[PDB]
Structure formats: C-alpha cells, structure tokens
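1. Experimental coordinates for this protein are included below, preceded by the sequence.
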Amino acid sequence: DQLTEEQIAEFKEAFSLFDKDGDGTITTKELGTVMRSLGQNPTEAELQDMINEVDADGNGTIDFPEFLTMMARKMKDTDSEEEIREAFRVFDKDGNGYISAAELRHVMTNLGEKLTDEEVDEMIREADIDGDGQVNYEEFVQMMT
Amino acid sequence: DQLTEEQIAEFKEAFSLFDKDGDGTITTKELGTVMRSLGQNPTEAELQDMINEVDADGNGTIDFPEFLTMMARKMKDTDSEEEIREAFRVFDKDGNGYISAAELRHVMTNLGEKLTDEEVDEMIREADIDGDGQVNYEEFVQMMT
Amino acid sequence: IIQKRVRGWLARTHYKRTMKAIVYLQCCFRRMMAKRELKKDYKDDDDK
C-alpha cells in the first residue's frame, strides 16, 4: 500500500475540480487532464492504453478509485524524478554525485522533518550494507517511493 | 545578543546545510551562500569586510556565534522593495515602469560589483527573457520579492 | 543595489526549491520507515 489518508486528501482536492456534478466517475479525456494538473506526465499513447482498459464503445468513464489505481499503475515512471536529481546536483559541494555519510547524518539530525537516531540508522541501512563512509546521490531518489 | 529563539532556530537550520559536521562552524567559501539564502543581499566587498572584521589572517573558517554576529551587523538595515522599484526608475526612459535590455546589461556588467557570465545566463533563463528589448520593473520586483 | 539583490534572489530561489523537495522526500522516507517499524514490532510476538 503506497497510500496514506493525507495523500488521498490532496488527490481528492484536485479531483473535486472535475466532479462538478458529484457523480464521482470521469469521462476518458479528463484522465490525462487530472494527471498533468497534479504534474504527472504520461504520453498520449500511455493514456490510450489506459483508455483501452475501460472504454470499449467511445463513451466510458473512470471511477475515483480506478483513477487512483491508474495513478498508482504509473507512479515511479515520471518526469518529476529529474527535478529531485536536480536538487542534489545543486546541493553537491564537489560536483561528482557522492556525499559523506557523516554529512548525511548531520544534515538529517538538524534539517527539515529532522530524523531521529533509528530513522538515520535505517536511512544508512537502506543505501548499502557494503557502504564505506560515502553515498551515491541517486539512491536518495530510489528510497523516495 | 540581538535575535529571538525562533530567529536563532531558523538561522541554525539553514546554517546546518553548509556546516556539514554539526560542530558549529562554516567554511568562508559558503558564508556568502548561507547569507544570500537567509534573505540578505550582501555585496562581494561587504562579505570581504565582514570576514576581515573577525580575523585578517585567519583560517578560512567561522564559528556559528560569529556568523550570527554578521547577521546582527545586517539586521539593523530597514530593507524593502519600494526603494528597489525606485532604483529601477533611475534607468527608465519614459517613466513607463520599464528598463531596456541594453541598459540592464550595462547595469549588470559595467557599473558596480558586476554579475558573472553564468549569473546572467541563470537569471535570463529564470526571467523568461526573449530579444534585446525592455523589461517591466514593477513585475520584475514582484518576482524578486 | 540592483546587482546584489539579484545575486541574493538566485541563491534564495534555488534554496527554496531544494528545501521543498528535501522536506517532501523526508516525509516520504518517514512514511517508509514507519511502515518498516510496524512490520518489526509484530515479530516480537514470535521471538518468544
């Protein structure tokens, strides 16, 4: 289960712009429109396959739970990973894509959501059991989802 | 002492992206970076002054309380955007709210401390500039705020 | 006066972007860690 309630809340906030009737099931052309409004970018062909799954007649609709299911079916194949890669390419002090395990634990001890000992221990464990004091930037994108 | 506990916390959080070891000390190389990030708009010569005020031989390293003392030296200044709208009026031909791209290029690279080639490139890309024309300073200061 | 404010704004803008991305990433990792912790504590019902 990728989901938690506060994710579903923002997806419903976006979907409320389209459910102007309270009907809860959206015609084919809206699917890609909602996804790109949220920021996820499937191609017209990738959308055409997801339309083939539901609309055999030229008039089908997609219920809110199948819309969330289609979003999940297209979760990690996204152009929005490339912005997170960019944030690390800005932050890197050497410009070579590798950061200190000391720097990582220090930043996480002090900044943002502010991670505890067990959360930082788990974050280091999530990268590599073979890690020798240094961490590749892309693995931070890989633990995101 | 010149900052509240909330202000100290905000500045400590930001400083902990540039201090990388958490012992309470920054390199002079990122001292400009952290101050420019924390709302300040210091000149190159003012960074040079603030370092040589602490030590004129030194070690290229500055304690967190000494960094907060540099922030204290700035925070007296009543800085706000209306004087910047007024700063662009000095380069308007008509009073229309507009600086020419040629005059702006002269302003950025002949007068004053001077922006580098990449600072100009980076700004042009962010600004959505197209052709050697003119740019509205009311809209631009709204973006700069 | 103009130059130093643009220099400030460039760094401050990419800093604002970076912080938004980092905090989103940390919130997603904190969900993942909690959904691992939840699996861990259950098997103390069996390590008995």
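-> Perfect, I can see it now. Numbers count the residues shown, from 1 in each chain, chains lettered A, B, ... in the order given.
2. quick one, what contacts residue C:13?
-> Residues near residue C:13 by CB atoms under 8 Å, 6 or more residues apart in numbering or on different chains: residue B:126. Quick note: C-beta positions are derived from backbone N, CA and C, even for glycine.
3. for the chain, what spans make up the helices?
-> Using chain A here. A:5-15, A:28-38, A:44-52, A:64-73, A:81-91, A:101-110, A:117-127, A:138-142 (DSSP state H).
4. hm, I was asking about chain C
-> C:2-42.
5. Quick one: name the residues of it near chain A.
-> C:14, C:17-19, C:21-23, C:25-33, C:36-37 (CB under 8 Å from any CB of the partner chain).
6. Show me how to select, in ChimeraX, the buried members of those.
-> Selecting only the buried members of the residues of chain C next to chain A in ChimeraX, with burial defined as 16 or more other CB atoms under 10 Å in any protein chain shown, works like this:
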select /C:14,18,19,21,22,25,26,28,29,30,31,32,33
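7. before we move on, the earlier item: can you put the helices of chain A in JSON lines and add mean neighbour count?
-> Formatted as JSON lines, the helices of chain A follow (neighbours: other CB atoms under 10 Å in any protein chain shown):
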{"stretch": "helix A:5-15", "mean neighbour count": "12"}
{"stretch": "helix A:28-38", "mean neighbour count": "16"}
{"stretch": "helix A:44-52", "mean neighbour count": "13"}
{"stretch": "helix A:64-73", "mean neighbour count": "16"}
{"stretch": "helix A:81-91", "mean neighbour count": "15"}
{"stretch": "helix A:101-110", "mean neighbour count": "17"}
{"stretch": "helix A:117-127", "mean neighbour count": "15"}
{"stretch": "helix A:138-142", "mean neighbour count": "15"}
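8. between those, which one is nearest to chain C?
-> Among those, the nearest to chain C by CB to the nearest CB is helix A:81-91 (4.3 Å).
9. could you check the angle helix A:101-110 makes with the closest one?
-> Relative orientation of helix A:81-91 versus helix A:101-110 (axes from the mean of the first three to the mean of the last three CA atoms, to 10 degrees): 110 degrees.
10. and helix A:81-91 with chain C, contact?
-> Yes - counting by CB under 8 Å from any CB, chain C has neighbours in helix A:81-91: A:83-84, A:87, A:90-91.
11. gap between the residue nearest the centre of chain C and chain B?
-> What sits nearest the mean C-alpha location of chain C, by CA atoms, centre = their mean, is residue C:26, with 2.2 Å. Distance from residue C:26 to chain B, counting by CB to the nearest CB, to the nearest Å: 13 Å.
12. How about residue 37, nearest residue that isn't a chain neighbour?
-> Using chain A. For residue A:37, ignoring the flanking residues on the chain, the nearest one in space by CB to CB, 6 or more residues apart in numbering or on different chains is residue A:14 at 6.1 Å.
13. wait, I meant chain C there
-> By the measure of CB to CB, 6+ apart, the closest residue to residue C:37 outside its immediate chain neighbours is residue A:118, 7.8 Å from it.
14. now swap in residue A:145 and tell me
-> Leaving aside its chain neighbours, residue A:145 sits nearest to residue A:76 (5.5 Å; criterion: CB to CB, 6+ apart).
15. Phi and psi next, for the one you found.
-> The phi/psi pair for residue A:76 (degrees, to the nearest 10) reads phi -90, psi -10.
16. distance of it from chain B?
-> Taking CB to the nearest CB as the measure, residue A:76 falls 27 Å from chain B.
17. Contact residues of chain A facing chain C?
-> In this structure, chain A approaches chain C at residues A:4, A:83-84, A:87, A:90-91, A:108, A:111-113, A:115, A:118-119, A:122-123, A:140, A:143-145, judged by CB under 8 Å from any CB.
18. can you rerun that using 10 Å?
-> When proximity is defined as CB under 10 Å from any CB of the partner chain, chain A approaches chain C at A:1-4, A:6-7, A:80, A:83-88, A:90-91, A:107-108, A:111-116, A:118-123, A:125-126, A:140-141, A:143-145.
19. so who does the closest residue in space to residue A:12 that isn't next to it in sequence touch?
-> Excluding its sequence neighbours, the residue lying closest to residue A:12 (CB to CB, 6+ apart) is residue A:64, at 7.7 Å. By CB atoms under 10 Å, 6 or more residues apart in numbering or on different chains, the contact list for residue A:64 reads A:8, A:11-12, A:15, A:18-19, A:23-26.
20. Now for the residues you listed: which two are most distant?
-> Using CB to CB, the contacts of residue A:64 reach their maximum pairwise distance at A:8 and A:23, which is 18.8 Å.
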